[PDB]
Amino acid sequence: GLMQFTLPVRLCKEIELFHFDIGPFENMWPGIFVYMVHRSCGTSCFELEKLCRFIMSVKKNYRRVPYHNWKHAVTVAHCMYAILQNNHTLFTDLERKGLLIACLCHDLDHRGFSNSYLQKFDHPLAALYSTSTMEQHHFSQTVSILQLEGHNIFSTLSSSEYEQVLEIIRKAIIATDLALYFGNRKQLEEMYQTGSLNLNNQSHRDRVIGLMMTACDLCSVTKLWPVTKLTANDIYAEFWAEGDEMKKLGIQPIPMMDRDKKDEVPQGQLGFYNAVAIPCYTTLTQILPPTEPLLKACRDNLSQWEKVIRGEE
Ligand SMILES: N#Cc1cccc(-n2nccc2-c2nn(-c3cccc4c3OC(F)(F)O4)ccc2=O)c1
Ligand SMILES: [Cl-]
Ligand SMILES: [Mg+2]
Ligand SMILES: [Zn+2]
C-alpha cells in the first residue's frame, strides 16, 4: 500500500511533459507505467501484484516488430497520462483506470501489418472481424489476459463498474482504427462549432475519448525532431515489409509502402501531418485546451519535414 514507485530526478520531471521519450531501457518501462497509474488513478485502484502480472503478460503478447511493439504501447499510455494529468477534473474514476490500460493493450499481438493486408492475404482474422480487424483482435487479447488466473486488475469492481470499464476500453481500442478517425473528427468539429458538444452525453464523451486515442496513438509526431525522425525509420520499416508482402501477392503496393519510392517519404509525411495529425491535435486543443503542447510540437515537426524537402535537412 505504502510502496510508492519513484523515478530518477530527470524522468520524475520530464514524464509530466507531453514530449517525454521513455528511453531505451526496456526493464524501466513497467515501473514508468505503474508510476503513471499510481499518479493518474491512485495506489489503491489496482492490486500491485495483479497489475505487475497483467503488465508482464501484456508485454509478453506484444511481438518483436519494428514499430508496433512494447515500446509503442508504453509510449501511447504516457501520452494519455499527460492528457489526463493536464485535464484532472474532466474524467471519472473508471475512465482514468480504463484509458491507461486501453492504451497499453491497444496494439496487443500486432504482426506489423495493416487491416488492408490481412484482407488481401485472406488472413483468418479478416473472416472473424470484417471491419476494424486488428483492433477487434487487440480487445480480444486484452479480455483473454484479464481472464488469466490472478490477472484480473478490475477484480474489486461491481458487475456494473466492470462492464463500464470493459466498454470504455473496447470503444477506446476500436477508436485506434484510423479508418474511423476521419468521421469521428468531422462530427467533433461540427458539434464543437454548433455548440452541441455536451460531455454529459455519453455518445459525445465516447467521440472525445476516441479522438484522445487517435492523439495518443499518433504521438510520435509530437516528440522532439530527433525522436520523431528516428521513429519514422521504424514506422517505414513495417510499411516497406508490408509492401514487399503485397508484391508477393502480385499486388503493387501504394507508394507509402513501396521501398523503391523512398525519395517520396518526406512529401508522404507532409500529407499525413496535414490530412491526419494537425487536424487531430487542432480539434483536440479545441475540446481540451491544456493539450495545446501536442499541436505546437506537431506543427514544429511539420516545419522540420518541409525543411527536409527544401534540402535544409
Ligand atoms: N493506426 C495507426 C498507425 C499505423 C502506423 C503508423 C502510424 N503513425 N504514427 C505516427 C505517424 C504515423 C504514420 N501513419 N501513417 C499512416 C498509418 C496508417 C494509415 C495511413 C497512414 O497514412 C495515411 F493517411 F495515408 O493512411 C503514415 C505515415 C505516418 O507517419 C499510425
Ligand atoms: Cl496529481
Ligand atoms: Mg493499432
Ligand atoms: Zn498503436
Side-chain angles (χ1 to χ4, degrees), residues 5-40 55-56 58-59 62-87 99-108 110 112 176 178 212-239 265-266 269 272-273 276-278 280-281 284-285 288 290-305 307-308 313:
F5 274 73
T6 66
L7 295 170
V9 163
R10 191 194 59 87
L11 288 84
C12 191
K13 295 177 188 166
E14 258 104 316
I15 194 172
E16 294 313 311
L17 309 185
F18 282 98
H19 64 265
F20 188 59
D21 178 85
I22 66 175
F25 303 99
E26 304 194 325
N27 296 150
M28 291 189 70
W29 298 341
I32 286 163
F33 184 77
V34 166
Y35 180 79
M36 288 193 300
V37 170
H38 279 176
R39 258 185 125 265
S40 201
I55 286 163
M56 297 311 286
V58 174
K59 173 181 160 57
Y62 274 92
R63 295 177 180 268
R64 302 209 191 80
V65 292
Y67 179 60
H68 287 100
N69 55 36
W70 181 226
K71 192 166 192 184
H72 169 62
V74 176
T75 299
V76 173
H78 165 271
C79 191
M80 179 63 72
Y81 163 85
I83 296 179
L84 289 181
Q85 289 301 254
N86 286 261
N87 300 273
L99 282 178
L100 291 170
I101 302 298
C103 283
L104 195 73
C105 299
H106 86 277
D107 271 336
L108 260 174
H110 208 290
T176 62
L178 212 45
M212 290 164 60
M213 290 298 292
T214 307
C216 295
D217 193 23
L218 301 186
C219 82
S220 85
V221 307
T222 70
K223 302 305 177 181
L224 293 207
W225 168 243
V227 178
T228 294
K229 188 193 158 204
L230 283 163
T231 311
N233 299 334
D234 296 327
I235 289 175
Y236 278 92
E238 290 191 351
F239 288 167
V265 165
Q269 281 292 285
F272 183 75
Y273 276 69
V276 189
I278 294 287
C280 172
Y281 297 116
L284 184 64
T285 306
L288 294 179
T291 69
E292 177 166 34
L294 291 168
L295 170 55
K296 175 197 192 289
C298 183
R299 279 192 189 281
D300 271 319
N301 283 329
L302 180 53
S303 185
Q304 289 295 313
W305 281 114
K307 283 172 189 163
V308 166
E313 55 168 41

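FYI, the numbering just counts along the sequence from 1.
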Student check: side-chain heavy atoms of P30 and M56 closer than 4.5 Å: yes

N/O donor-acceptor pair under 3.5 Å between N301 side chain and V221 backbone: yes

Nearest-0.5 Å distance, CD1 of residue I22 to CD1 of residue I32: 6.0 Å

Parallel, tilted or perpendicular: ring planes of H72 versus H106, cut at 30 and 60 degrees: perpendicular

From NZ (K223) to CG (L230), nearest 0.5 Å: 14.0 Å

Spacing of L108 atom CG and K59 atom NZ [to the nearest 0.5 Å]: 12.5 Å

Listed once per pair and sorted, the side chain to side chain donor-acceptor pair (under 3.5 Å) pairs that draw on residues 6-17, sequence neighbours left out: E16-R39, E16-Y81

Flag side-chain contact, heavy atom, 4.5 Å: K307 against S303: yes

Distance in Å, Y67 OH paired with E238 CD, rounded so as to fall on 0.5 Å steps: 8.5 Å

Mutual orientation of the aromatic rings belonging to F20 and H78 [parallel < 30°, tilted 30-60°, perpendicular > 60°]: tilted

Close side-chain approach of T214 to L178, heavy-atom, < 4.5 Å: yes

Side-chain donor-acceptor pair present, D217, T176, cut-off under 3.5 Å: no

